[PDB]
$ cat data15.pdb   # PDB, C-alpha atoms
MODEL        1
ATOM      1  CA  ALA A 348      67.396 270.448 158.536  1.00  0.00           C
ATOM      2  CA  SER A 349      69.581 271.047 161.618  1.00  0.00           C
ATOM      3  CA  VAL A 350      71.938 273.932 160.694  1.00  0.00           C
ATOM      4  CA  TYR A 351      75.208 271.962 161.269  1.00  0.00           C
ATOM      5  CA  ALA A 352      73.971 269.550 158.497  1.00  0.00           C
ATOM      6  CA  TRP A 353      71.866 271.797 156.162  1.00  0.00           C
ATOM      7  CA  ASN A 354      69.862 270.354 153.219  1.00  0.00           C
ATOM      8  CA  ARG A 355      70.698 271.157 149.544  1.00  0.00           C
ATOM      9  CA  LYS A 356      69.075 270.359 146.147  1.00  0.00           C
ATOM     10  CA  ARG A 357      70.664 271.181 142.724  1.00  0.00           C
ATOM     11  CA  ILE A 358      68.001 273.222 140.877  1.00  0.00           C
ATOM     12  CA  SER A 359      68.648 272.936 137.086  1.00  0.00           C
ATOM     13  CA  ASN A 360      66.928 272.749 133.637  1.00  0.00           C
ATOM     14  CA  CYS A 361      63.850 274.742 134.806  1.00  0.00           C
ATOM     15  CA  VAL A 362      62.243 278.234 134.929  1.00  0.00           C
ATOM     16  CA  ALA A 363      62.809 279.959 138.296  1.00  0.00           C
ATOM     17  CA  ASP A 364      59.676 282.041 139.019  1.00  0.00           C
ATOM     18  CA  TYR A 365      61.256 284.118 141.804  1.00  0.00           C
ATOM     19  CA  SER A 366      58.023 286.223 141.849  1.00  0.00           C
ATOM     20  CA  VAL A 367      56.246 283.222 143.512  1.00  0.00           C
ATOM     21  CA  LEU A 368      58.789 283.828 146.319  1.00  0.00           C
ATOM     22  CA  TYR A 369      59.204 287.653 146.552  1.00  0.00           C
ATOM     23  CA  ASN A 370      55.468 288.476 146.017  1.00  0.00           C
ATOM     24  CA  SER A 371      54.703 286.479 149.242  1.00  0.00           C
ATOM     25  CA  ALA A 372      54.605 288.609 152.454  1.00  0.00           C
ATOM     26  CA  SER A 373      55.118 285.322 154.454  1.00  0.00           C
ATOM     27  CA  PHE A 374      58.925 285.914 154.572  1.00  0.00           C
ATOM     28  CA  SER A 375      60.325 287.680 157.693  1.00  0.00           C
ATOM     29  CA  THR A 376      63.562 288.241 155.661  1.00  0.00           C
ATOM     30  CA  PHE A 377      64.170 288.345 151.873  1.00  0.00           C
ATOM     31  CA  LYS A 378      67.650 289.816 151.092  1.00  0.00           C
ATOM     32  CA  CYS A 379      69.087 289.354 147.587  1.00  0.00           C
ATOM     33  CA  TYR A 380      72.806 290.088 147.094  1.00  0.00           C
ATOM     34  CA  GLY A 381      74.286 291.685 143.925  1.00  0.00           C
ATOM     35  CA  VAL A 382      70.744 291.872 142.345  1.00  0.00           C
ATOM     36  CA  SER A 383      67.266 293.334 143.182  1.00  0.00           C
ATOM     37  CA  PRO A 384      64.590 290.542 143.592  1.00  0.00           C
ATOM     38  CA  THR A 385      62.324 291.769 140.697  1.00  0.00           C
ATOM     39  CA  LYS A 386      65.275 291.503 138.209  1.00  0.00           C
ATOM     40  CA  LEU A 387      65.541 287.737 138.987  1.00  0.00           C
ATOM     41  CA  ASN A 388      62.514 287.061 136.699  1.00  0.00           C
ATOM     42  CA  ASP A 389      64.822 288.274 133.808  1.00  0.00           C
ATOM     43  CA  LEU A 390      68.250 286.683 134.664  1.00  0.00           C
ATOM     44  CA  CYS A 391      69.783 283.198 134.079  1.00  0.00           C
ATOM     45  CA  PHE A 392      72.223 280.895 135.997  1.00  0.00           C
ATOM     46  CA  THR A 393      73.937 277.464 135.500  1.00  0.00           C
ATOM     47  CA  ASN A 394      72.344 276.066 138.724  1.00  0.00           C
ATOM     48  CA  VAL A 395      70.663 277.254 141.960  1.00  0.00           C
ATOM     49  CA  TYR A 396      71.010 275.537 145.398  1.00  0.00           C
ATOM     50  CA  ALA A 397      68.400 275.667 148.215  1.00  0.00           C
TER      51      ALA A 397
ATOM     52  CA  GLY B 447      79.898 305.356 161.467  1.00  0.00           C
ATOM     53  CA  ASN B 448      78.970 308.685 159.832  1.00  0.00           C
ATOM     54  CA  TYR B 449      75.401 307.859 158.637  1.00  0.00           C
ATOM     55  CA  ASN B 450      74.660 311.440 157.387  1.00  0.00           C
ATOM     56  CA  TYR B 451      75.991 310.627 153.863  1.00  0.00           C
ATOM     57  CA  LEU B 452      73.189 308.893 151.879  1.00  0.00           C
ATOM     58  CA  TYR B 453      72.377 307.579 148.390  1.00  0.00           C
ATOM     59  CA  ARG B 454      68.995 306.915 146.713  1.00  0.00           C
ATOM     60  CA  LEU B 455      68.667 303.102 146.400  1.00  0.00           C
ATOM     61  CA  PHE B 456      65.234 303.134 144.656  1.00  0.00           C
ATOM     62  CA  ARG B 457      63.384 305.323 142.105  1.00  0.00           C
ATOM     63  CA  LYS B 458      60.368 304.907 139.740  1.00  0.00           C
ATOM     64  CA  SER B 459      62.674 305.708 136.751  1.00  0.00           C
ATOM     65  CA  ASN B 460      66.395 306.366 136.093  1.00  0.00           C
ATOM     66  CA  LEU B 461      67.660 310.003 136.023  1.00  0.00           C
ATOM     67  CA  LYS B 462      68.117 312.139 132.893  1.00  0.00           C
ATOM     68  CA  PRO B 463      71.545 313.906 132.557  1.00  0.00           C
ATOM     69  CA  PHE B 464      72.042 316.416 135.442  1.00  0.00           C
ATOM     70  CA  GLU B 465      68.495 315.665 136.778  1.00  0.00           C
ATOM     71  CA  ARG B 466      68.196 316.310 140.572  1.00  0.00           C
ATOM     72  CA  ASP B 467      65.509 314.907 142.912  1.00  0.00           C
ATOM     73  CA  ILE B 468      65.248 315.259 146.741  1.00  0.00           C
ATOM     74  CA  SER B 469      61.885 313.395 147.262  1.00  0.00           C
ATOM     75  CA  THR B 470      61.811 310.857 150.187  1.00  0.00           C
ATOM     76  CA  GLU B 471      58.432 309.203 149.291  1.00  0.00           C
ATOM     77  CA  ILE B 472      58.018 305.378 149.648  1.00  0.00           C
ATOM     78  CA  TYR B 473      59.042 303.228 146.644  1.00  0.00           C
ATOM     79  CA  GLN B 474      56.458 300.602 145.590  1.00  0.00           C
ATOM     80  CA  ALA B 475      58.391 297.406 144.750  1.00  0.00           C
ATOM     81  CA  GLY B 476      55.208 295.350 145.552  1.00  0.00           C
ATOM     82  CA  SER B 477      51.964 294.373 143.741  1.00  0.00           C
ATOM     83  CA  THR B 478      49.950 296.691 146.110  1.00  0.00           C
ATOM     84  CA  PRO B 479      50.226 300.519 146.689  1.00  0.00           C
ATOM     85  CA  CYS B 480      52.122 301.505 149.864  1.00  0.00           C
ATOM     86  CA  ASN B 481      49.715 304.142 151.411  1.00  0.00           C
ATOM     87  CA  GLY B 482      52.786 306.448 151.931  1.00  0.00           C
ATOM     88  CA  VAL B 483      54.279 304.126 154.662  1.00  0.00           C
ATOM     89  CA  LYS B 484      56.975 301.379 154.934  1.00  0.00           C
ATOM     90  CA  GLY B 485      56.014 297.676 154.571  1.00  0.00           C
ATOM     91  CA  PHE B 486      56.596 294.424 152.628  1.00  0.00           C
ATOM     92  CA  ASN B 487      57.975 295.488 149.190  1.00  0.00           C
ATOM     93  CA  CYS B 488      57.312 299.150 150.235  1.00  0.00           C
ATOM     94  CA  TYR B 489      60.655 300.832 150.986  1.00  0.00           C
ATOM     95  CA  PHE B 490      62.062 304.212 152.064  1.00  0.00           C
ATOM     96  CA  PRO B 491      64.177 305.302 149.022  1.00  0.00           C
ATOM     97  CA  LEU B 492      67.329 306.724 150.752  1.00  0.00           C
ATOM     98  CA  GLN B 493      70.030 304.487 152.333  1.00  0.00           C
ATOM     99  CA  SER B 494      73.352 305.215 154.114  1.00  0.00           C
ATOM    100  CA  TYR B 495      77.079 304.559 153.684  1.00  0.00           C
ATOM    101  CA  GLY B 496      77.605 304.825 157.509  1.00  0.00           C
TER     102      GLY B 496
ENDMDL
END
$ encode --input "data15.pdb" --output "structure tokens"
Amino acid sequence: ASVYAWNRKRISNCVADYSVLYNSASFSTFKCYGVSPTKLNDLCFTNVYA
Amino acid sequence: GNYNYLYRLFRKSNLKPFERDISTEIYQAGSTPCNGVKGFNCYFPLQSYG
């Protein structure tokens, strides 16, 4: 997407394996707010949006 | 900003009552050992209030 018109998808009814994300050294930035990235494999949420 | 005031962001395990620890060694958040140097999921444990 162009940043003035960003894309979104409503992630729901699924298991979020955040370790598939934060184990990958491909990311030039990976900042998680309120929570440490490893703890995300334990937590739950109503939805997530990309 | 006065950066000289710091807190420990990371440790291998939580403190016991009145435990004190001044070690500055790299915290391994990652799947791979950090060789005693900063890198992806390999972090310096002290951070600043500034």
$ interface_residues --input "data15.pdb" --of "chain A" --to "chain B" --cutoff "8 Å" --atoms "only C-alpha atoms" --output "list in words"
residues 370, 372 and 385 of chain A
$ closest_residue --input "data15.pdb" --among "A:359, A:354, A:375, A:349" --to "residue 393 (chain A)" --atoms "all atoms listed in the file"
A:359
$ closest_residue --input "data15.pdb" --among "B:491, B:482, B:447, B:496" --to "residue 470 (chain B)" --atoms "only C-alpha atoms"
B:491
$ atom_distance --input "data15.pdb" --atom1 "CA of residue 455 (chain B)" --atom2 "CA of residue 362 (chain A)"
28.1 Å
$ resolve_selection --input "data15.pdb" --expression "the PyMOL selection byres ((chain A and resi 368) around 12)" --output "tab-separated table (two decimals) with C-alpha atoms, in the frame of the given file"
chain	number	residue	atom	x	y	z
A	363	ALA	CA	62.81	279.96	138.30
A	364	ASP	CA	59.68	282.04	139.02
A	365	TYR	CA	61.26	284.12	141.80
A	366	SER	CA	58.02	286.22	141.85
A	367	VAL	CA	56.25	283.22	143.51
A	369	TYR	CA	59.20	287.65	146.55
A	370	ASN	CA	55.47	288.48	146.02
A	371	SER	CA	54.70	286.48	149.24
A	372	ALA	CA	54.60	288.61	152.45
A	373	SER	CA	55.12	285.32	154.45
A	374	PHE	CA	58.92	285.91	154.57
A	376	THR	CA	63.56	288.24	155.66
A	377	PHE	CA	64.17	288.35	151.87
A	378	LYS	CA	67.65	289.82	151.09
A	379	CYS	CA	69.09	289.35	147.59
A	384	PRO	CA	64.59	290.54	143.59
A	385	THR	CA	62.32	291.77	140.70
A	387	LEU	CA	65.54	287.74	138.99
A	388	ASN	CA	62.51	287.06	136.70
$ axis_aligned_box --input "data15.pdb" --around "region 482-495 of chain B" --padding-each-side "5 Å" --output "AutoDock Vina command-line options"
--center_x 64.9 --center_y 300.6 --center_z 152.0 --size_x 34.3 --size_y 22.3 --size_z 15.9
$ resolve_selection --input "data15.pdb" --expression "the PyMOL selection byres ((chain A and resi 397) around 10)" --output "list in words"
residues 353, 354, 355, 356, 357, 358, 395 and 396 of chain A
$ write_last_selection --input "data15.pdb" --atoms "C-alpha atoms" --output "PDB file, in the frame of the given file"
ATOM      1  CA  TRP A 353      71.866 271.797 156.162  1.00  0.00           C
ATOM      2  CA  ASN A 354      69.862 270.354 153.219  1.00  0.00           C
ATOM      3  CA  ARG A 355      70.698 271.157 149.544  1.00  0.00           C
ATOM      4  CA  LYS A 356      69.075 270.359 146.147  1.00  0.00           C
ATOM      5  CA  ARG A 357      70.664 271.181 142.724  1.00  0.00           C
ATOM      6  CA  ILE A 358      68.001 273.222 140.877  1.00  0.00           C
ATOM      7  CA  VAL A 395      70.663 277.254 141.960  1.00  0.00           C
ATOM      8  CA  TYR A 396      71.010 275.537 145.398  1.00  0.00           C
TER       9      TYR A 396
END
$ atom_distance --input "data15.pdb" --atom1 "CA of residue 492 (chain B)" --atom2 "CA of residue 456 (chain B)"
7.4 Å
$ atom_distance --input "data15.pdb" --atom1 "CA of residue 380 (chain A)" --atom2 "CA of residue 488 (chain B)"
18.2 Å
$ resolve_selection --input "data15.pdb" --expression "the PyMOL selection byres ((chain B and resi 452-454) around 12)" --output "JSON, numbers by chain"
{"B": [448, 449, 450, 451, 455, 456, 457, 458, 459, 460, 461, 466, 467, 468, 469, 470, 471, 472, 473, 489, 490, 491, 492, 493, 494, 495, 496]}
